[PDB]
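Peer 1: Residue numbers (PDB author numbering), protein chains in the order written: chain D, 58 to 278; chain Y, 2 to 72; chain b, 2 to 102; chain S, 2 to 133; chain X, 2 to 130; chain W, 1 to 83; chain B, 2 to 218.
Note that beta-carbon positions come from the ideal geometry of N, C-alpha and C, so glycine has one too.
Here you go, one structure.
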Amino acid sequence: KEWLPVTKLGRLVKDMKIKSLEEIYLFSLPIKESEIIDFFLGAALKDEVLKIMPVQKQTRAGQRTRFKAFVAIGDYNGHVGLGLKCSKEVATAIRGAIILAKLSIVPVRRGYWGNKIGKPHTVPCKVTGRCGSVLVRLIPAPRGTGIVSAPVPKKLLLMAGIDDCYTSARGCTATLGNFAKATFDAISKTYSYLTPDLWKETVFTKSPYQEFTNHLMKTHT
Amino acid sequence: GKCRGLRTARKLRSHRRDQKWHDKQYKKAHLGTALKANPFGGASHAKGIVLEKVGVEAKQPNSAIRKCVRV
Amino acid sequence: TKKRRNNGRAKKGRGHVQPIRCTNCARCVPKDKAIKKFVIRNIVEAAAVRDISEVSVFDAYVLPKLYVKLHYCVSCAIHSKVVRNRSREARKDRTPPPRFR
Amino acid sequence: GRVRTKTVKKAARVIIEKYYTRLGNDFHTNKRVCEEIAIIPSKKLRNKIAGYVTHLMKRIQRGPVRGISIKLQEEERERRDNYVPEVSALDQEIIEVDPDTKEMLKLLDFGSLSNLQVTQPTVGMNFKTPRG
Amino acid sequence: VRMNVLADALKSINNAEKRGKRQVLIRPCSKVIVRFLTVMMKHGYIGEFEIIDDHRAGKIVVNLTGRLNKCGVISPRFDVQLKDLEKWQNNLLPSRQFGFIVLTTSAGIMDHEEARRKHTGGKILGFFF
Amino acid sequence: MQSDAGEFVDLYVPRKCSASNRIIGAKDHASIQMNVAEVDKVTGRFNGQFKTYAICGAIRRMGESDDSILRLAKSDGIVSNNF
Amino acid sequence: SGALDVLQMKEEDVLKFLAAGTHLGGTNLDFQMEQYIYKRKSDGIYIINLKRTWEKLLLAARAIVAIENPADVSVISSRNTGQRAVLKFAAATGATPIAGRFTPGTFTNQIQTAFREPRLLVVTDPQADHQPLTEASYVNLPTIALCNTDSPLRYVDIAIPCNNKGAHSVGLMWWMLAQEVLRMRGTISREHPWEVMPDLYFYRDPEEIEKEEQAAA
RNA sequence: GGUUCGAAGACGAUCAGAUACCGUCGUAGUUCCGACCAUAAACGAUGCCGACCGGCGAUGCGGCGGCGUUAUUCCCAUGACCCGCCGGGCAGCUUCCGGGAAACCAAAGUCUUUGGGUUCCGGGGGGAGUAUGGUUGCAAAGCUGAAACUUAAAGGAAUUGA
Ligand SMILES: [Mg+2]
Ligand SMILES: [Zn+2]
Numbered sequence: 058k059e060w061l062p063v064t065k066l067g068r069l070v071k072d073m074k075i076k077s078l079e080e081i082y083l084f085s086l087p088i089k090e091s092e093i094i095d096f097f098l099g100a101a102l103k104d105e106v107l108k109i110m111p112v113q114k115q116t117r118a119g120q121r122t123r124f125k126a127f128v129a130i131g132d133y134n135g136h137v138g139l140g141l142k143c144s145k146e147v148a149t150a151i152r153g154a155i156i157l158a159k160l161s162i163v164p165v166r167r168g169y170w171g172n173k174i175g176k177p178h179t180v181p182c183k184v185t186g187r188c189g190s191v192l193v194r195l196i197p198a199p200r201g202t203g204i205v206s207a208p209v210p211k212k213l214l215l216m217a218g219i220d221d222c223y224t225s226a227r228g229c230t231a232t233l234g235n236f237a238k239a240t241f242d243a244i245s246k247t248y249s250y251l252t253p254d255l256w257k258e259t260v261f262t263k264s265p266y267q268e269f270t271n272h273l274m275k276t277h278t
Numbered sequence: 002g003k004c005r006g007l008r009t010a011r012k013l014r015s016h017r018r019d020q021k022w023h024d025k026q027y028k029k030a031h032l033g034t035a036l037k038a039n040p041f042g043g044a045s046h047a048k049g050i051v052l053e054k055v056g057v058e059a060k061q062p063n064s065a066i067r068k069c070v071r072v
Numbered sequence: 002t003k004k005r006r007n008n009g010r011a012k013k014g015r016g017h018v019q020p021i022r023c024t025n026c027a028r029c030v031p032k033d034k035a036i037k038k039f040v041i042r043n044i045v046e047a048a049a050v051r052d053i054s055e056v057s058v059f060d061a062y063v064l065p066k067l068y069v070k071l072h073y074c075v076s077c078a079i080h081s082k083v084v085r086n087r088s089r090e091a092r093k094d095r096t097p098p099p100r101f102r
Numbered sequence: 002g003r004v005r006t007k008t009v010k011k012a013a014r015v016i017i018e019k020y021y022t023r024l025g026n027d028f029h030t031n032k033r034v035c036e037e038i039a040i041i042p043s044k045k046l047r048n049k050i051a052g053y054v055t056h057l058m059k060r061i062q063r064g065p066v067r068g069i070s071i072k073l074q075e076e077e078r079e080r081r082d083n084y085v086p087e088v089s090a091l092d093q094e095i096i097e098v099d100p101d102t103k104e105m106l107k108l109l110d111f112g113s114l115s116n117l118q119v120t121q122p123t124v125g126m127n128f129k130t131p132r133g
Numbered sequence: 002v003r004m005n006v007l008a009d010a011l012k013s014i015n016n017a018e019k020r021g022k023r024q025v026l027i028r029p030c031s032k033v034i035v036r037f038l039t040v041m042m043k044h045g046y047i048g049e050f051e052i053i054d055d056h057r058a059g060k061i062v063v064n065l066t067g068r069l070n071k072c073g074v075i076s077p078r079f080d081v082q083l084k085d086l087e088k089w090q091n092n093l094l095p096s097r098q099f100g101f102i103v104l105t106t107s108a109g110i111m112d113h114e115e116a117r118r119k120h121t122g123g124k125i126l127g128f129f130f
Numbered sequence: 001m002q003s004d005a006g007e008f009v010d011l012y013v014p015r016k017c018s019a020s021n022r023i024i025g026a027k028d029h030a031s032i033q034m035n036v037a038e039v040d041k042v043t044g045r046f047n048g049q050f051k052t053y054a055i056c057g058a059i060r061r062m063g064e065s066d067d068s069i070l071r072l073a074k075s076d077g078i079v080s081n082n083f
Numbered sequence: 002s003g004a005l006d007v008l009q010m011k012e013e014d015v016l017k018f019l020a021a022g023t024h025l026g027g028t029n030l031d032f033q034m035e036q037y038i039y040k041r042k043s044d045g046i047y048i049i050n051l052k053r054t055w056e057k058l059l060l061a062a063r064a065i066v067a068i069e070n071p072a073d074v075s076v077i078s079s080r081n082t083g084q085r086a087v088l089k090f091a092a093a094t095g096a097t098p099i100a101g102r103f104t105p106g107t108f109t110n111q112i113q114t115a116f117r118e119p120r121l122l123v124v125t126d127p128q129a130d131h132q133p134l135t136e137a138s139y140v141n142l143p144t145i146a147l148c149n150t151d152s153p154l155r156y157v158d159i160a161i162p163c164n165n166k167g168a169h170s171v172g173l174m175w176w177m178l179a180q181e182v183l184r185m186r187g188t189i190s191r192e193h194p195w196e197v198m199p200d201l202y203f204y205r206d207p208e209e210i211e212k213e214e215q216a217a218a
């Protein structure tokens with residue numbers, strides 16, 4: 058259970074010098090340790106397996122079936138991750154899919170339908186996500202509408218902490234590999250969308266490697 | 002659509018009207034031929050007289066005799 | 002599915018190119034579709050040259066050559082191994098094979 | 002048919018990488034140091050590794066053998082045929098400085114040096130390759 | 002042929018903004034383009050622009066700020082009544098917070114929020130968000 | 001980014017590229033945060049202050065990171081205006 | 002870089018550049034390297050502008066000085082020409098040299114033996130060292146490059162317009178970066194010319210080595 | 001008008017058979033003039049007009065500027081090369097412009113951030129380009145063109161096998 062960090066920022070996190078996922082997301086650092094997400098959002102992260110899918114490859118002596126598990130993770134307060142993984146057992150397919158889902162979680166941005174009272178409940182604007190043929194569109198809805206969508210985007214948007222959302226999907230959505238990847242790309246785009254609120258010019262803080270440079274020179278090689 | 006002109010309404014209306022016959026289910030319901038060809042003549046149920054019993058053999062993998070009746 | 006960009010032929014902006022009789026068959030192939038080859042050959046093969054170098058009346062008469070241009074249809078070209086099938090990547094290579102010796 | 006395997010080459014490269022200080026050009030000296038430093042369970046494999054060590058290190062001395070690079074130590078080993086030049090190969094006198102380059106320096110303030118000789122330009126623009 | 006001039010001008014800005022260019026030269030200058038770009042500037046999507054007189058249709062050089070997601074046109078110029086401006090701004094604009102429908106009315110060329118306030122419907126030109 | 005009351009509500013504020021003025025996505029891994037050192041005028045030696053720039057992923061792989069860094073530096077007066 | 006007579010290009014440095022032959026680019030020209038070129042000759046070789054070489058070299062020197070821990074600056078050259086120059090730069094400044102064959106996944110693979118994690122990359126030739134730039138796409142990692150007139154500037158953040166082909170030119174351009182980093186740091190003085198002769202950086206090919214091994218003997 | 005070639009034909013081979021491929025002849029035709037015919041994998045399987053959006057080196061026609069080589073010896077001035085620039089045209093290589101189910105495409109891009117103008121045209125597979133009427137033609141046949149009935153798939157690109 059002793060987690061010794063391999064990454065440079067895995068060190069700064071375990072040494073309790075970075076004390077939020079916002080410090081990471083602000084400087085666009087690739088999160089390679091599966092334990093940093095279990096460090097910050099360890100409590101409220103909840104797994105749901107969307108599907109198990111047997112994929113085969115032909116050989117001269119029989120097929121060679123290996124199992125592919127889709128896992129959506131996230132605390133119900135503005136983080137989702139979707140991970141996929143193939144393995145010879147369904148058990149290690151799920152275990153690797155969960156780990157990859159933790160690796161690749163994004164912060165969702167939430168806004169309001171019209172009037173700007175209380176906490177943000179819906180998508181700030183119309184965002185579209187594409188994967189293969191599938192096209193998932195997320196539209197802002199009034200308060201206490203619920204999530205008007207198919208079960209697969211519903212459970213991703215539930216885990217994202219979006220309460221209100223009108224959706225509209227096109228393409229071969231029967232494929233829920235591309236459906237949910239389309240939904241996840243749609244969700245993920247909310248913070249890489251320039252609304253007139255992100256107009257105020259940016260002031261530049263030190264990146265955590267420049268911040269805790271002198272500590273990282275002594276702590277490890 | 003394609004022809005977007007602000008006085009292009011008879012073109013759009015007439016074009017769609019021409020192209021709705023190429024829809025199978027529209028033309029089926031809107032030609033007389035189907036409701037001439039329908040034995041029931043556009044009715045929910047229909048009463049008839051039994052005149053013989055028949056054993057209709059099933060297609061491939063399903064092998065059985067479906068015990069119908071000629072009416 | 003589209004296999005070549007130039008549909009197996011070196012026509013781009015014509016519409017029609019007059020056909021040619023294959024030199025193995027008499028199959029009509031367009032002038033640019035055909036696999037062309039120019040054989041410049043000594044009349045006397047390899048060893049005959051030495052016997053006709055000695056049994057000649059003249060002094061260093063550079064014995065003549067035989068110029069023959071051959072048009073093959075694609076089937077005749079592949080069958081005679083003038084061309085061969087290639088990889089999807091190697092197909093795009095238009096630089097003709099090196100003739101160093 | 003004497004091709005050494007991964008176990009010979011890898012372990013020989015690791016021993017050259019670490020203990021370059023003791024290993025030499027003699028077979029039997031480095032056979033003994035290899036036996037001392039490394040736990041090799043068989044004697045044939047010991048002789049095979051020692052044999053490779055005193056072939057790579059007979060070529061490290063020659064020049065740029067690839068699979069290993071002890072940079073500080075290999076460069077200090079390249080600092081054994083010391084050519085320390087006394088005059089800089091750049092620090093020269095009269096330089097041939099292109100009538101186009103004359104202006105390039107003159108558009109900076111220093112369009113006036115002692116050792117800037119302006120060679121006449123190459124007439125005839127035939128710098129390209131034929132498309133035949 | 003060149004039927005719509007505002008259509009060309011807004012496609013030119015949109016292409017230049019995506020590519021990340023800092024200014025763009027939209028050619029066939031007209032009263033409708035300038036009056037469109039003034040509105041777009043007053044909300045602060047473009048910078049200051051400079052219209053270039055040759056003794057013809059002029060040119061415009063628009064200094065671009067990277068705060069323009071889309072600037073589109075609606076052809077034909079549909080006759081937007083005041084009550085129907087809801088269903089237009091519903092299905093054209095991203096949200097009820099930001100984005101504008103600019104439409105040519107009795108008064109002059111102005112955005113949906115101004116036309117709603119002045120109590121005027123008119124013909125739709127385009128949208129910018 | 002605040003509600004009717006005036007409470008800043010979103011869980012962070014992303015950076016904007018200095019060249020393009022796009023917002024640098026939470027996972028735009030080809031985005032850079034480059035500090036160009038500030039030099040004492042009289043000595044020509046490092047002060048301990050820097051003129052920092054951020055650039056987006058699209059700009060870098062477009063190949064306009066070079067000219068954009070150059071023009072930002074030449075605007076600040078790090079590079080001479082003459083150039 | 003500029004507005005200062007202290008960081009200004011000296012008459013000593015011009016003769017060094019002209020002697021090495023760094024003003025001479027290639028026959029072919031890139032479209033993003035037009036702003037660093039003065040003119041094209043008759044003979045069809047592009048003359049690089051030596052002021053604009055100096056302005057970018059000082060900008061590079063600044064970018065390297067601003068990096069605090071000197072051993073999270075990775076210096077790279079895959080070819081013969083740079084391998085000596087980067088090791089000299091590395092030992093002289095404290096930068097971490099990767100000389101000859103940059104293995105793919107030193108920044109991307111966590112499990113690798115040589116899993117390095119630098120904060121700034123200095124590269125000799127983007128055409129040769131294309132892999133460190135393409136890999137610095139995956140990690141938030143600014144890039145500096147000794148770019149020639151022919152070089153593409155894809156994933157290059159400050160390109161120093163030089164000759165990166167000639168063995169004298171590569172050696173000197175590494176030497177002047179090494180020296181300006183140390184001067185700006187405040188290790189060497191601008192009063193005295195620097196102790197180290199720039200021939201300590203140059204690539205002696207075995208041919209020149211063997212001829213000199215007979216010469217000195 | 002009929003030299004060559006050559007549907008049908010006539011035989012000679014091959015084969016279990018061969019009404020075919022192979023061979024020897026060979027009629028209509030193949031060619032020209034005057035009247036019909038109006039279809040082709042008639043293809044870029046990609047309507048036409050207009051705008052914007054990367055790079056590079058050639059190529060054909062026209063124009064413009066430029067070291068020098070060469071033919072008119074007498075060189076002004078004309079052609080042939082050499083090095084760039086501008087406008088149209090047949091194409092090419094390259095790329096995280098971007099698009100696409102992919103193959104691939106500077107268009108097949110500028111599309112859920114959906115509207116520059118306009119003509120033709122498709123709606124699961126068969127039945128079927130079939131029947132019937134009408135129309136053009138000397139005929140062959142062209143253009144327009146269904147239904148009853150039948151069926152859970154037919155299909156497009158790409159991957160691993162055999
Ligand atoms: Mg044709
Ligand atoms: Zn043939």
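Hey, does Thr123 of chain S have any beta-carbon neighbour from chain B nearer than 8 Å?
Peer 2: Numbered from its first residue, the fourth sequence carries residue 123 of chain S at position 122. Output row for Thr123 of chain S: interface = yes.
Peer 1: Write down every uninterrupted run of the alpha helix (DSSP H) in the region 37-100 of chain B whose length is 4 residues or greater and which is fully enclosed by it, in chain order.
Peer 2: As far as the region 37-100 of chain B is concerned, its whole alpha helix (DSSP H) runs of at least 4 residues are 51-66, 81-94.
Peer 1: Output, in sequence order along the chain, the residues in the region 29-43 of chain B whose CB is closer than 9 Å to any CB in chain S.
Peer 2: For the region 29-43 of chain B, which is checked against every Cβ of chain S, the residues closer than 9 Å are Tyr39, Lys40, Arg41, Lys42, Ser43.
Peer 1: Anything with a beta carbon under 6 Å from a heavy atom of ligand 1 counts; list them all in chain order.
Peer 2: Having a Cβ closer than 6 Å to some heavy atom of ligand 1 are b:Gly16, b:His17.
Peer 1: Any beta-carbon of chain Y closer than 8 Å to the one on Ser76 of chain X?
Peer 2: Numbered from 1 along the fifth sequence, position 75 holds the residue referred to as residue 76 of chain X. So, interface residue.
Peer 1: Check the Cβ of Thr64 of chain D against every Cβ in chain B and list those closer than 7 Å, keeping chain order.
Peer 2: In the first sequence, the residue the question calls residue 64 of chain D occupies position 7. Simply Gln111.
Peer 1: Determine whether the Cβ of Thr252 of chain D lies closer than 8 Å to any Cβ atom of chain X.
Peer 2: Start at 1 with the first residue of the first sequence, and residue 252 of chain D comes out as number 195. Output row for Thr252 of chain D: interface = yes.
Peer 1: I'd like to know if the region 162-173 of chain D and the region 97-107 of chain X are in contact, where contact means that at least 3 CB-CB pairs between them fall below 8 Å.
Peer 2: Yes, the region 162-173 of chain D touches the region 97-107 of chain X.
Peer 1: Regarding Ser76 of chain b and ligand 2, is the C-beta to nearest heavy atom distance less than 7 Å?
Peer 2: Against the third sequence, residue 76 of chain b aligns to sequence position 75. The answer is yes for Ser76 of chain b.
Peer 1: Where do the ends of the beta strand (DSSP E) carrying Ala217 of chain B lie?
Peer 2: In the seventh sequence, counting from the first residue as 1, residue 217 of chain B sits at position 216. From DSSP, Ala217 of chain B is part of no beta strand (DSSP E); its letter is neither H nor E.
Peer 1: For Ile94 of chain D, which of D:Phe124, D:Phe269, D:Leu160, D:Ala148 has the nearest alpha-carbon?
Peer 2: To locate residue 94 of chain D, count along the first sequence from 1; it is residue 37. Closest option to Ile94 of chain D, Cα to Cα, is D:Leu160.
Peer 1: With a CB to CB cut of under 8 Å and the five nearest residues on each side skipped, what residues in its chain are close to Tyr46 of chain X?
Peer 2: Here residue 46 of chain X refers to the residue found at position 45 of the fifth sequence. Closer than 8 Å at the Cβ level, and outside the excluded window around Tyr46 of chain X, lie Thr66, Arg68, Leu69, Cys72, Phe129.
Peer 1: Is the beta carbon of residue 1 of chain b within less than 7 Å of some heavy atom of ligand 2?
Peer 2: As shown, chain b starts at 2 and ends at 102. That puts residue 1 of chain b outside it, with no answer to give.
Peer 1: Confirm, please, whether the CB-CB distance from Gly122 of chain X to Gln82 of chain X is below 8 Å.
Peer 2: Here residue 82 of chain X refers to the residue found at position 81 of the fifth sequence. Here residue 122 of chain X refers to the residue found at position 121 of the fifth sequence. Yes, the Cβ-Cβ distance between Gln82 of chain X and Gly122 of chain X is below 8 Å.
Peer 1: Of the choices D:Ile204, D:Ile130, D:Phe241, D:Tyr248, whose alpha-carbon is the least far from that of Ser85 of chain D?
Peer 2: The sequence position of residue 85 of chain D within the first sequence is 28, counting from 1. Here the closest residue by C-alpha is D:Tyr248.
Peer 1: Per the DSSP calculation, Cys29 of chain b is bridged to which residue(s)?
Peer 2: Position 28 of the third sequence, counted from the start, is the residue given in the question as residue 29 of chain b. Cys29 of chain b pairs with b:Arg22.
Peer 1: Does any heavy atom of ligand 2 sit closer than 7 Å to the C-beta of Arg28 of chain b?
Peer 2: The residue you call residue 28 of chain b lines up with position 27 of the third sequence. True, at least one ligand heavy atom lies under 7 Å from that Cβ.
Peer 1: For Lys37 of chain b, which residues does DSSP report across the bridge?
Peer 2: Here residue 37 of chain b refers to the residue found at position 36 when the third sequence is read from its first residue. The partner list for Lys37 of chain b (beta bridge, DSSP) reads b:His72.
Peer 1: Between which two residues does the alpha helix (DSSP H) containing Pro265 of chain D stretch?
Peer 2: Mapped onto the first sequence, residue 265 of chain D falls at position 208. It spans 265-268 - the alpha helix (DSSP H) in which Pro265 of chain D sits, taken as one unbroken run.
Peer 1: Within the region 94-182 of chain B, note down every full beta strand (DSSP E) run reaching 3 residues or more, in order along the chain.
Peer 2: As far as the region 94-182 of chain B is concerned, its whole beta strand (DSSP E) runs of at least 3 residues are 97-100, 121-124, 144-146.
Peer 1: Compute the Euclidean distance between the alpha carbons of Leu255 of chain D and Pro105 of chain B, then round it to the nearest angstrom.
Peer 2: Translated into the one-based positions of the first sequence, residue 255 of chain D becomes position 198. Translated into the one-based positions of the seventh sequence, residue 105 of chain B becomes position 104. Taking the straight line joining both Cα atoms gives about 38 Å.
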